[PDB]
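Everything below concerns the one structure shown next.
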Amino acid sequence: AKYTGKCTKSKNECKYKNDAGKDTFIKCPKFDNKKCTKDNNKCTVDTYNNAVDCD
């Protein structure tokens with residue numbers, strides 16, 4: 001299901017909310033389908049398989 005938050009076009013970082021309900025910054029990849037295209041987007045991190053998935 002992955003988490004939900006937002007990515008940043010500044011340094012391609014996703015700030016999702018862990019299971020505790022607190023901020024969680026996580027650098028995203030550079031793929032053509034997992035990179036932070038724009039800021040304030042929708043990013044989903046898969047803490048299950050430790051695989052991030054930005055908008």
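Each chain in the structure tokens gets a letter, A, B and so on, in the order shown; residues start at 1 in every chain, and ligands are counted from 1 in the order they appear.
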Applying 9 Å and only C-alpha atoms, which residues near residue 25 of chain A remain after dropping the ones on its own chain fewer than 5 positions away? List them as a VMD selection string.
chain A and resid 7 13 to 17
Shell around residue 33 of chain A at 10 Å using only C-alpha atoms, local window under 5 positions removed, as a PyMOL selection string:
chain A and resi 53-55
Just-selected residues, N, CA, C and O atoms written as a tab-separated table (two decimals), in the first residue's frame:
chain	number	residue	atom	x	y	z
A	53	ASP	N	8.37	5.27	-4.30
A	53	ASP	CA	7.66	5.44	-5.56
A	53	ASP	C	7.04	6.83	-5.64
A	53	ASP	O	5.87	7.03	-5.30
A	54	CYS	N	7.83	7.80	-6.10
A	54	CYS	CA	7.36	9.17	-6.23
A	54	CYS	C	6.41	9.31	-7.42
A	54	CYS	O	6.36	8.44	-8.29
A	55	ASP	N	5.66	10.41	-7.44
A	55	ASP	CA	4.72	10.67	-8.52
A	55	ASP	C	5.39	10.51	-9.88
A	55	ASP	O	6.42	11.13	-10.15
Using DSSP on the backbone coordinates, identify all residues within chain A classified as strand (DSSP E or B); present the result as a ChimeraX atom specification.
/A:7-8,13-17,23-27,44-46,51-53
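Proximity to residue 21 of chain A was assessed for A:52, A:5, A:38, A:45 counting only C-alpha atoms; the smallest distance is recorded for A:5.
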Could you name the residues that touch segment 39-41 of chain A at 6 Å or less, counting only C-alpha atoms, but leaving out those on the same chain fewer than 3 positions away, as a ChimeraX atom specification?
/A:6-9
If you measure from atom CA of residue 11 of chain A to atom CA of residue 30 of chain A, what distance in Å do you get, rounded to one decimal?
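Straight-line distance from atom CA of residue 11 of chain A to atom CA of residue 30 of chain A works out to 11.0 Å.
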Residues near residue 50 of chain A, cut-off 12 Å, only C-alpha atoms, skip fewer than 4 positions along chain, as a ChimeraX atom specification:
/A:2-3,26-28,44-46
Can you measure atom CA of residue 34 of chain A to atom CA of residue 4 of chain A for me? One decimal in Å is fine.
14.1 Å
In Å, with one decimal, what is the gap from atom CA of residue 37 of chain A to atom CA of residue 1 of chain A?
21.4 Å
